[PDB]
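Engineer: to kick things off, part of the complex as it is:
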Amino acid sequence: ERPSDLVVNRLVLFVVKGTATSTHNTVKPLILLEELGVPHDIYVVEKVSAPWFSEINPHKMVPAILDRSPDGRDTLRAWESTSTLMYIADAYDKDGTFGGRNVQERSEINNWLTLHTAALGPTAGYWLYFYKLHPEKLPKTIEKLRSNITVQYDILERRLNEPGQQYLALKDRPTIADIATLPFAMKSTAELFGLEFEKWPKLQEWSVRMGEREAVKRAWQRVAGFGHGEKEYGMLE
């Protein structure tokens, strides 16, 4: 079965009702969609648990993307934020502006993108679970995860301190790697972790440089408002 209003004519990004702690992963694909000007629709999921949604993403989370295939005969699906970034970059960044133009560029883009996906992303994800969602409070665990977040921030700082290394993967311009990292490496998010983000200056400078991009501003502005517009759930107009 399926919902009535769910129809794919363009890329379809699945999000939830905007909050502080529900947007840090959904904003990632939205930043890239805003950077490339890809035509897309927003579908606000009421219950990620809903059986129809688990057929789209078996991990039962946002973001998730349903899109028609290149030919336009069949539809494609992408889930896990890092997997949404790659799929867009594959299908919409033909110039490799954000995906990488050759093997050498991609090699560094996949390094920093994957580092985030495997280290800082899960570490931050587990931290938020044990802090807010876990029925019991385990402060020894929450402390060890907060300790691991600083180890990651350190690795980002070290990289951004290297000569002319303005962005994480490439010196010259931002890549999906930078988009994947920004939501878990900004002053707002550091403060939530109970960290002084000034301690990592170059990582703070980097976050501000990224934050001043019009596409990043629009993404944060829009992702906050989803589910608080004229339509509470389903396909937004």
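Structural biologist: That came through, no problem. Numbering: from 1, shown residues only, chains lettered A, B, ... in the order given.
Engineer: how about the spatially most central residue of chain A, nearest residue that isn't a chain neighbour?
Structural biologist: Central residue of chain A (C-alpha atoms, centre = their mean): residue A:28, 2.7 Å from the mean position. Leaving out its chain neighbours, the residue that sits closest to residue A:28 by C-beta to C-beta, 6 or more residues apart in numbering is residue A:81, at 4.5 Å. Using the backbone N, CA and C atoms, a C-beta is placed for each residue, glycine as well.
Engineer: any chance you could map the helices in chain A?
Structural biologist: A:27-36, A:51-54, A:81-92, A:103-115, A:121-128, A:139-160, A:176-181, A:187-192, A:201-211, A:214-225 (DSSP state H).
Engineer: most tightly packed of the ones you listed?
Structural biologist: Stretch with highest mean neighbour count among the helices of chain A: helix A:176-181 (a mean of 28; mean count of other C-beta atoms under 10 Å).
Engineer: so which elements touch that one?
Structural biologist: Under the contact criterion of 3 or more C-beta pairs under 8 Å, 6 or more residues apart in numbering; DSSP states H and E, helix A:176-181 touches helix A:27-36, helix A:81-92, helix A:103-115.
Engineer: can I get that helix as PDB, trimmed to CA atoms?
Structural biologist: The C-alpha trace of helix A:176-181 is given here as PDB (Å, rounded to 0.1, in the frame of the first residue of the first chain):
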ATOM      1  CA  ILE A 176      29.600  17.000   0.200                       C
ATOM      2  CA  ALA A 177      32.300  16.200   2.900                       C
ATOM      3  CA  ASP A 178      32.000  19.900   4.200                       C
ATOM      4  CA  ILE A 179      28.100  19.700   4.000                       C
ATOM      5  CA  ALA A 180      28.100  16.300   5.900                       C
ATOM      6  CA  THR A 181      30.300  17.800   8.700                       C
END
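Engineer: I'd like the distance from it to the chain centre, please.
Structural biologist: 7 Å (C-alpha atoms, centre = their mean, to the nearest Å).
Engineer: what does stretch A:189-205 give?
Structural biologist: Using C-alpha atoms, centre = their mean, the offset of stretch A:189-205 from its chain centre is 19 Å.
Engineer: same check, this time on stretch A:106-118
Structural biologist: With C-alpha atoms, centre = their mean as the basis, the mean position of stretch A:106-118 lies at 13 Å from the chain mean.
Engineer: any idea how far residue A:86 is from residue A:48?
Structural biologist: Distance, residue A:48 to residue A:86, by C-beta to C-beta, to the nearest Å: 21 Å.
Engineer: returning to that earlier point: could you dump the helices of chain A to a markdown table with distance to residue A:232?
Structural biologist: A markdown table is the format used below for those (distance: least, C-beta to C-beta, whole Å):
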| stretch | distance to residue A:232 |
| --- | --- |
| helix A:27-36 | 19 |
| helix A:51-54 | 16 |
| helix A:81-92 | 23 |
| helix A:103-115 | 34 |
| helix A:121-128 | 24 |
| helix A:139-160 | 33 |
| helix A:176-181 | 28 |
| helix A:187-192 | 26 |
| helix A:201-211 | 29 |
| helix A:214-225 | 12 |
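Engineer: now do stretch A:229-237: everything it contacts.
Structural biologist: Stretch A:229-237 is contacted by residues A:3, A:5-7, A:12, A:17, A:41-46, A:226-227 when judged by C-beta atoms under 8 Å, 6 or more residues apart in numbering.
Engineer: slot chain B in:
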Amino acid sequence: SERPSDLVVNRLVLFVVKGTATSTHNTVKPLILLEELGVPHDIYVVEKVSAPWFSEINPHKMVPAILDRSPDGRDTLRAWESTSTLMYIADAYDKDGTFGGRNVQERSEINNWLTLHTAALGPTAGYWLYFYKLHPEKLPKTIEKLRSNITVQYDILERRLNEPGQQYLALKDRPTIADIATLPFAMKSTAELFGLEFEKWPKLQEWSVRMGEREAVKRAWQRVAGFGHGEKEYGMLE
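Structural biologist: Now chain B, sitting on the chains shown earlier:
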């Protein structure tokens, strides 16, 4: 912080450590693909991942890592994080898209299941092994929760493999970098280390034995166990 005398990049150099039961689950992943594609490569057994010269190669101070020559051969590039190593090898040495994916459709599913493993099972297992063995104190209330999350992942993989003709995680027809990335953390030996009955997920076990029958996978497990236990313990192997 000198780069060791014997460290030279004439071809793809895969960085590993001394082979154990604990030290081959991530370093086997790029080695499986290298064996599957028959890529010419060297093995460099790192004595100390803490060594400052190694931190210049992989700032996360872990294996696997890769130094390789650029396509033209004039420049030197690096790959670190097991999932990053697979994606690089596929990009540089899998032009047919046999494991990397041939078109957008195939890659979409390959990236999905690859990323799931990279973001969910991989980091969950890695945190589980840490608190169990490496963390000075043992906190039972936390460690149980990670084991409880490993099962939720095993359940998602079982649901996928139960779909009609879904012989492999990403694609129906053949194995991809997604399957190579998941295997080490979804096999009977690794399920028993987690204190789980791997029979409870039949199709996932069927998948795990079928992947083990592949000659490239057998060669990888064989070789990765033997690194550092040969005549040369550390440095570039021959």
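Engineer: now that chain B has been added, could you go back to the contacts of stretch A:229-237?
Structural biologist: Contact with stretch A:229-237 is made by A:3, A:5-7, A:12, A:17, A:41-46, A:226-227, as judged by C-beta atoms under 8 Å, 6 or more residues apart in numbering or on different chains.
Engineer: which among those residues end up buried?
Structural biologist: Buried members of the contacts of stretch A:229-237, counted by 16 or more other C-beta atoms under 10 Å in any protein chain shown: A:6, A:12, A:41-45, A:226-227.
Engineer: still on that earlier bit, for the contacts of stretch A:229-237, work out which two are farthest apart.
Structural biologist: Across the contacts of stretch A:229-237, the longest distance by C-beta to C-beta is 21.5 Å; it joins A:7 and A:17.
Engineer: any idea which of the contacts of stretch A:229-237 is closest to chain B?
Structural biologist: Nearest to chain B among those, counting by C-beta to the nearest C-beta, is residue A:12 at 13.4 Å.
Engineer: wait, what's in contact with the closest one?
Structural biologist: Taking C-beta under 8 Å, 6+ apart as the test, what residue A:12 contacts is A:6, A:40-41, A:43, A:65-67, A:235.
Engineer: bridge partners for the closest residue to it other than its chain neighbours, pull those for me.
Structural biologist: Leaving aside its chain neighbours, residue A:12 sits nearest to residue A:66 (4.3 Å; criterion: C-beta to C-beta, 6 or more residues apart in numbering or on different chains). Listed by DSSP bridges, the beta-bridge partners for residue A:66 are residue A:12, residue A:77.
Engineer: hmm, stretch A:199-217 touching chain B?
Structural biologist: No - using C-beta under 8 Å from any C-beta of the partner chain, stretch A:199-217 never reaches chain B; the gap is at least 13.1 Å.
Engineer: and if you look at stretch A:82-92?
Structural biologist: Yes - against chain B, stretch A:82-92 shows contacts by C-beta under 8 Å from any C-beta at A:82-83, A:86-87, A:90-91.
Engineer: tell me how far that stretch lies from the chain's centre.
Structural biologist: 11 Å.
Engineer: quick one: contacts of that stretch?
Structural biologist: So stretch A:82-92 is contacted by A:11, A:13, A:28-29, A:32-33, A:36, A:38, A:63-65, A:67, A:70, A:76, A:78, A:96, A:98-99, A:113-114, A:116-117, A:121, A:176, A:179-180, B:104, B:107-108, B:111-112, B:114-116, B:118-119 (C-beta under 8 Å, 6+ apart).
Engineer: returning to that earlier point: list the contacts for the residue nearest to the centre of chain A?
Structural biologist: A:63, A:81-82, A:84-85, A:179-180, A:183.
Engineer: residue A:176 and residue A:97 touch, don't they?
Structural biologist: No - proximity of residue A:176 to residue A:97 does not meet the contact threshold set by C-beta atoms under 8 Å, at 10.2 Å.
Engineer: my guess is residue A:106 contacts residue A:93. True?
Structural biologist: No - using C-beta under 8 Å, residue A:106 is not in contact with residue A:93; the gap is 11.5 Å.
Engineer: spit out the residues that contact those two alike.
Structural biologist: By C-beta under 8 Å, 6+ apart, the residues touching both residue A:106 and residue A:93 are residue A:99.
Engineer: so who does residue A:18 touch?
Structural biologist: Residue A:18 neighbours (C-beta under 8 Å, 6+ apart): A:223-228.
Engineer: can those residues go into CSV with extra columns for distance to chain B?
Structural biologist: Shown next, in CSV, are the contacts of residue A:18 (distance: C-beta to the nearest C-beta, whole Å):
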residue, distance to chain B
A:223, 19
A:224, 24
A:225, 26
A:226, 22
A:227, 24
A:228, 28
